[PDB]
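Shown next, in structure tokens, is the structure this report addresses.
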Amino acid sequence: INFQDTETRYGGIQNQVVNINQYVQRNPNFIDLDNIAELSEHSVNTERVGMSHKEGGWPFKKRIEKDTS
Amino acid sequence: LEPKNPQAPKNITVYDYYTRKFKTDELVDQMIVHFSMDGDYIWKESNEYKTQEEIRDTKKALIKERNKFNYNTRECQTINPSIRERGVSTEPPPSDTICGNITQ
Amino acid sequence: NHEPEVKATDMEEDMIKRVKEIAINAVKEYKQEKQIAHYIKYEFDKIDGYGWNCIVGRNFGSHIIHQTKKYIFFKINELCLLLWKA
Amino acid sequence: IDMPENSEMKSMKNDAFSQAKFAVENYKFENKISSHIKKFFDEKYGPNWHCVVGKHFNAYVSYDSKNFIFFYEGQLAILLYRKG
Amino acid sequence: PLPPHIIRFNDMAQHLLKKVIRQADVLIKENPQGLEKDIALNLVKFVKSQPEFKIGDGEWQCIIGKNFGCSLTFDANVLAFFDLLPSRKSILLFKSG
Amino acid sequence: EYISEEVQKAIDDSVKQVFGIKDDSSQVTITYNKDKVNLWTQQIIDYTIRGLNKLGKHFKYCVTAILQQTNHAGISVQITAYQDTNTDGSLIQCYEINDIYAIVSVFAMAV
Amino acid sequence: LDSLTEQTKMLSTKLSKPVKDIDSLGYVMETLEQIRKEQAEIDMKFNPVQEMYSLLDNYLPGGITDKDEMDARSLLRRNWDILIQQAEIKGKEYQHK
Amino acid sequence: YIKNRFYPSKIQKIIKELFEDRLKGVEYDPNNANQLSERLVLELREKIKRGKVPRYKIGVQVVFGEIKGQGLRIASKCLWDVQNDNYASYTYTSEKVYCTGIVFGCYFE
Amino acid sequence: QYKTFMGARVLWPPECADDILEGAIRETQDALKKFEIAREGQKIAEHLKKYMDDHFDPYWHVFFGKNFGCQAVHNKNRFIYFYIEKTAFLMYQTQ
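Residue numbers (the deposited numbering), protein chains in the order written: chain e, 18 to 66, 72 to 81, 95 to 104; chain d, 75 to 139, 163 to 201; chain M, 2 to 87; chain J, 10 to 93; chain L, 15 to 111; chain O, 7 to 117; chain C, 1108 to 1204; chain N, 24 to 132; chain K, 17 to 111.
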């Protein structure tokens, strides 16, 4: 897992300053500003586990009575 | 994978003041953005040079003939209810536990 | 749902009706405060040139001016919409 | 035993009872009950409400004056109040 | 270090807003009770005084509120709207355009 | 044996060298043009791939570009693929000058 | 009711009292309109009276002492209606002439 | 066979807590930015050491800078069988600095 | 498989962040130990949400008990779910 390594490189760009027809600002500029935030819905629940049986009264410890008899 | 964007909500709601309901919206935009910057530098556009230079021209010619007669102050404020912090309690209802025998 | 209602106004009748319609349409179409204000400011900039201002909120205070017959403040379903020019 | 108050005329107090009594019987999970109450009151009066249902819970919220209703409905307890 | 806050929208150079934050904070602390009228008046009377804030198309306006929305023809240069976390007062500052 | 940071550096060199000018006036005397947008897209892509094959790396690349006219419409750019952990990957880039909303999406894979 | 009514009727009597402020107005009309903007806040500080007299005249219509109640409350709203009407009409005719 | 698994947000935990309590609103001083990163990267690595993932290999990566009229885009791609391997990523930006950390996780097999 | 944490059984790995975690994982038992008892109900969650809103982001929701379990959608990465001595704690932040 010994994973040492290093690199480096650089880009940049051409340079040219024209400065003949420059320095404008459209003064009657328009922008759209808000004061709002996003939303969501954390809809929560409860986990539920419920089942019924029917207890049946007596009708022998050994299934076959002849074996004991 | 069809990427989901972390650091995002999943659905957007907002109140409609024409139809007095809400209405949620479960499609959320998922493009991470930080530092949008608005600019105001406008170079030989057709639409903006006219609309700026014309208004400055008309204002300055008008003043060359304060000029619009003096304005009038106004005031309006809305009704601001107060914020109170009140907290109440429910209680677990009580229960009884007896024991009885079976008679003859 | 409920129709608009002016709490303070300085407009003519036909001009009141236009802002009524534009407010109803804005609230039916858009659902955000800046979007509604931007849309109504745009509508009245198209119909009445440049210089409209529209404040759309729930509790704010204002000290403004306007052209004498271009001001209105009305409420729709607990929405305070103020509008004026210059 | 406990009945926090709201505006007069019984405009919303009379409404909340009649709505929550249908809500409780109509559903088993509290989800549909509370969502029903809140969704109704949103259409009816306000932009944003808050509702809680349950047998036992304590709470402490900020709200808007005379917009806080709380009642012991049957075995359950229903809290409601406007906020926003 | 500045006091904590949430700039919801700013347009002026950042030092203008620094000054606004510091004075608005110390002013909310010096006037913790009363009406936002006094806050607005003191803030305008302070902000209008400095040799800074030289440029203005109209003049100064400040609005304090807790639940609203607006839209103004603010001067394209100066505009600020932010919040003071302890008291949560949405405060707004600009110059009339 | 690479870095997507430098991949992005090369993409930026390509784009800002082709059309980006430091002095910001020719960039709006060059606004979106129906006639010249074809030349723009093709030449942006060609110069970008020339920058990419300047690299002697044995990895395999593929490129996609998007040019949007105006911010009013809105757009969502999303990426997803299925490749090998160590060496493969991708890259995206958004770009704006005055009235041109450029987007570049590159995939880099091994072999 | 008496206090709020004396205020509104004072505004009306300022509109009507001097032949000067009747013909040649001044900055005093700006103060009248200022009080008209305030009239929101004035009814805001008056609203405790509307609900209270509602509770009173719920089971106590009066008829004996309701004289001054009628005078004052109807005088308030009289100033309000002449406000709307005279504001419009006076604005128009002062524009004409 | 993966009994103990990696899900993103406990490393997302560690990385958040680390970021606030260590950055504490520090400014971007050029002479010590790289070494600040060097310190907190190793601290983060120590934290993932107790991060309770036996075979998940951890490709730590961190970015730290200052925001100054500067638009930026950072993105990565995920490259693994979604059943076992996963990632985590957090961002933390104050008024004038931004530090964002990502941590890979690849189940060894 | 609900791995152990120096505070409690936490679903490892969870969906939240550790200043919130460590804060809650220390603050839940700190609150329960200092002057609080299991006999009282939600005057616990009261102080818990108060402490969370004081330091961390303001809009939290807390649910704890002996029988519950939730699906939902919230703020990304703001989900604390941990058991402690057979008592499930769940917390999530919503913008």
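By construction, the Cβ of each residue, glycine as well, lies at the ideal position given by its N, Cα and C atoms.
Nearest to residue i (by Cα), restricted to the options the options
i: residue 98 (chain O); options: O:106, O:104, O:113, O:90; result: O:113
i: residue 59 (chain J); options: J:90, J:70, J:39; result: J:90
i: residue 92 (chain K); options: N:32, N:95, N:65; result: N:32
i: residue 29 (chain K); options: N:111, N:131, N:118; result: N:111
i: residue 76 (chain J); options: J:85, J:36, J:93; result: J:93
i: residue 25 (chain M); options: M:3, M:16, M:12, M:45; result: M:3
i: residue 77 (chain M); options: M:14, M:12, M:37, M:43; result: M:37
i: residue 78 (chain d); options: d:103, d:169, d:98, d:180; result: d:103
i: residue 27 (chain M); options: M:65, M:55, M:61, M:51; result: M:55
i: residue 9 (chain M); options: d:86, d:91, d:177, d:172; result: d:172
i: residue 73 (chain O); options: O:27, O:34, O:100, O:8; result: O:100
Straight-line gap, residue i to residue j (C-alpha atoms, nearest Å)
i: residue 77 (chain N); j: residue 85 (chain N); result: 22 Å
i: residue 1129 (chain C); j: residue 27 (chain L); result: 51 Å
i: residue 16 (chain O); j: residue 79 (chain N); result: 33 Å
i: residue 126 (chain d); j: residue 23 (chain e); result: 54 Å
i: residue 83 (chain K); j: residue 63 (chain e); result: 7 Å
i: residue 30 (chain L); j: residue 52 (chain e); result: 21 Å
i: residue 54 (chain L); j: residue 101 (chain L); result: 15 Å
i: residue 56 (chain J); j: residue 165 (chain d); result: 43 Å
i: residue 1117 (chain C); j: residue 56 (chain L); result: 32 Å
i: residue 21 (chain L); j: residue 98 (chain K); result: 35 Å
i: residue 68 (chain K); j: residue 110 (chain K); result: 13 Å
i: residue 82 (chain d); j: residue 71 (chain M); result: 42 Å
i: residue 35 (chain M); j: residue 48 (chain e); result: 11 Å
i: residue 68 (chain M); j: residue 53 (chain M); result: 10 Å
i: residue 71 (chain K); j: residue 105 (chain d); result: 29 Å
CB contact below 8 Å: residue i versus chain M
i: residue 1133 (chain C); result: no
i: residue 49 (chain L); result: no
i: residue 1169 (chain C); result: no
Residue-level contact to chain K via CB, residue i, 8 Å cutoff
i: residue 74 (chain e); result: no
CB contact check: residue i to chain C, cutoff 8 Å
i: residue 169 (chain d); result: yes
C-beta neighbour in chain N for residue i, strict 8 Å
i: residue 75 (chain d); result: yes
i: residue 17 (chain K); result: yes
i: residue 93 (chain K); result: yes
Closer than 8 Å at the beta carbon, the chain e residues around residue i
i: residue 18 (chain O); result: 28, 30
Any C-beta of chain O under 8 Å from that of residue i
i: residue 24 (chain e); result: yes
i: residue 96 (chain N); result: yes
i: residue 126 (chain d); result: no
i: residue 131 (chain d); result: no
Residue-level contact to chain L via CB, residue i, 8 Å cutoff
i: residue 54 (chain M); result: yes
i: residue 52 (chain e); result: yes
Where residue i meets chain O, residues with beta-carbon distance less than 9 Å
i: residue 33 (chain e); result: 27, 28, 29
Cutoff 8 Å: residue i Cβ touching any chain e Cβ
i: residue 90 (chain L); result: yes
i: residue 23 (chain L); result: yes
i: residue 63 (chain O); result: no
Under 7 Å from the C-beta of residue i: neighbouring residues of chain L
i: residue 45 (chain M); result: Within 7 Å Cβ-Cβ: nothing; residue 45 (chain M) doesn't reach chain L, min ~12 Å.
Residues that residue i contacts on chain L, provided the C-beta gap is smaller than 9 Å
i: residue 50 (chain M); result: Simply none; closest approach about 14 Å.
i: residue 60 (chain M); result: 79, 80, 81, 82
Residue i at chain d interface by Cβ criterion, 8 Å
i: residue 84 (chain M); result: no
i: residue 57 (chain e); result: yes
i: residue 92 (chain N); result: yes
Contact list for residue i against chain O, beta-carbon separation under 7 Å
i: residue 115 (chain d); result: 30
C-beta neighbour in chain J for residue i, strict 8 Å
i: residue 120 (chain d); result: no
Within chain C, partners of residue i - CB distance below 8 Å
i: residue 174 (chain d); result: 1147, 1148
Where residue i meets chain N, residues with beta-carbon distance less than 9 Å
i: residue 111 (chain O); result: Going along chain N, no residue has its Cβ under 9 Å from residue 111 (chain O), so there is no contact; the nearest lies around 10 Å.
| message | Residues of the segment 65-83 of chain L in Cβ contact with chain d at a cutoff of 9 Å, in chain order, please. | response | Residues of the segment 65-83 of chain L that bring their beta carbon within less than 9 Å of a beta carbon in chain d comprise 79, 80, 81, 82, in sequence order.
| Taking any Cβ of chain d, which residues in the segment 35-47 of chain e have a Cβ under 7 Å from it, in chain order? | 41, 42, 43, 44, 45, 46
| query | Using Cβ-Cβ distances below 9 Å, what residues of the segment 27-42 of chain N are close to chain K? | reply | 27, 28, 29, 30, 31, 32, 33, 34, 35, 36, 37, 38, 39, 40, 41, 42
| message | Under 9 Å, CB to CB, which of the residues in the segment 181-196 of chain d have a partner in chain J? | response | 181, 182, 183, 184, 185, 186, 187, 188, 189, 190
| Cβ-based contacts, 8 Å cut-off: residues of the segment 79-98 of chain d near chain N | 80, 81
| task | Compile a chain-ordered list of the residues in the segment 50-73 of chain J whose CB is closer than 9 Å to at least one CB of chain K. | result | Taking 9 Å as the upper bound on Cβ-Cβ separation, chain K lies near residues 65, 66, 67, 68, 69 of the segment 50-73 of chain J.
| query | If you measure beta-carbon to beta-carbon, which residues of the segment 66-90 of chain O are closer than 9 Å to chain N? | reply | 85, 86, 87, 88, 89, 90
| Proximal residues, the segment 50-80 of chain K versus chain J, C-beta separation under 7 Å | 57, 58, 59, 62
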